[PDB]
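Two separate entries follow, structure 1 and structure 2, each one form of the same protein chain as structure tokens.
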Structure 1
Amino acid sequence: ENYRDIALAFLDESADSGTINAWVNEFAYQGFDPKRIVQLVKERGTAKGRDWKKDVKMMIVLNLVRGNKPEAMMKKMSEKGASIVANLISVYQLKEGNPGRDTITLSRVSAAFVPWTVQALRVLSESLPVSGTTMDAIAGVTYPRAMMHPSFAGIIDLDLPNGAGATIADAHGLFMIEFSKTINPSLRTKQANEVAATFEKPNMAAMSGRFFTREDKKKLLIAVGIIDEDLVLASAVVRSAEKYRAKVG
């Protein structure tokens, strides 16, 4: 009878904006942060006197065609290329996976510098783990090259009008199942929705990231041809999207 009144008294209990926001800052998620990624890449690069921006491009291209394990890939590479990778590992302190807060990986570089990643994909389509022609056969259309990497999720605005964001996410999901199957063979026998379950949680975290503003994402999506000035989706996107919904439904 008084436990009810205790709870009810919290109506008049102080909800100080300042103290609440300080708690939020203490409790907030701390780990993956594109801000931290670019900061560390820039710092470590300039400390060794590198053209660090050029190193980013090379690290992204390296990531797009070889994956996320630099030490391993050197053992299966020409000496000319391996020597370059050896340096990239040295200055940027590249790890093979299981990243911590201050850890830099090739995936993280591709994700943080996605506005360039999304441009390189237009050129590398046939050298990717899943080729563009393979995706072109899976979709009924020429699949948008910009989407052919997990990092694309970072520029998706889910709140675009008329469910455009959802449709873009669907179309990207079509690539993600194929990508997930190629780098994890144990998923190749699994159903579409089972494969989707393996990526949709970190994928959602990427799409709901706040590194880029909504206007940043809109500009990126337009610049790379997913959507136009009038926010109209390209047909390849909507047709790839319905393929995805059919597979998982």
Structure 2
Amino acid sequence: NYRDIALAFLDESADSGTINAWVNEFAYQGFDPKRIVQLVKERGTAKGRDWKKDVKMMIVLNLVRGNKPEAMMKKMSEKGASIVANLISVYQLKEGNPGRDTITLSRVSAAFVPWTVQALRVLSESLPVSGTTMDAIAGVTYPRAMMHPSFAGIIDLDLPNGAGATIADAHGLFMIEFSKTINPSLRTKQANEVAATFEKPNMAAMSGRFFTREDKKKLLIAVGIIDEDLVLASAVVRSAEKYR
């Protein structure tokens, strides 16, 4: 009968190689970092622009005004809103979370994370969640580099002695306060309830294939998250503790 067909699957092949190949091909992917790095350089250069300057502007714009380019234009200076109007036109910018071939301010920050991680140190007080606010929650001075969701793309979870998990918990402390500020609906809700709202896309970002373990290592050292002896920074271990 058909029960025999289903039971016959006990002797059917289950190759860990081809299964993990399928897992990677089927896994959660909000957007392709390779595609938007490509679409930025191609669209920006075709419109004869310093696309490298535009990404720095789009990252500054994202960090301080959000991911709604059309909305932020109305409540901005005439000179500033003229730049934003040009950035929307050239890079075909959109709001929220659209398709894989669509560029958003949040995505530019995510794919070009080696610059966004630098920019965070100079405009920490102009952020939705200010640096001083974040310093009060953590106790010790919270790492400015971690003060944006795009930091997740730098986290290497497979780091020896479970260092990557401690970093993910440290960054989660910010993510909770960030979510409460972005959507005030979650301001009264419990800490673990808010943690589950960003758990899936952050995990997908940390498990990213764009930057290698070695690239992530160099980036994590560069912004002082880990010392030369691969040991974590004292503020990062405090933020992971306060996360619970």
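Think of the rigid core as the biggest set of C-alphas that the two forms share within 1.5 Å after superposition. All residue numbers here refer to structure 1's sequence, counted from 1. Shifts are known only where both forms have a C-alpha.
*Asks:* With respect to the change between structure 1 and structure 2, which of 97, 31, 49, 210 is the hinge point between rigid parts?
*Replies:* From 97, 31, 49, 210, the hinge pick is 31.
*Asks:* Rounded to the nearest whole degree, what rotation separates the positions of the smaller rigid part between structure 1 and structure 2?
*Replies:* 34 degrees, smaller rigid part against the larger.
*Asks:* Cα of residue 13: shift between structure 1 and structure 2 in Å, core-fitted?
*Replies:* Once the two forms are fitted on their core, the shift reads 7.7 Å.
*Asks:* Having superposed the rigid core, state how many Å the Cα of residue 25 shifts between structure 1 and structure 2.
*Replies:* Comparing the two forms, residue 25 shifts 9.0 Å at C-alpha.
*Asks:* What stretches, three or more residues long, have all their C-alphas moved by 2 Å or more between structure 1 and structure 2 when the rigid core is held in place?
*Replies:* Shifted segment: only 2 to 31.
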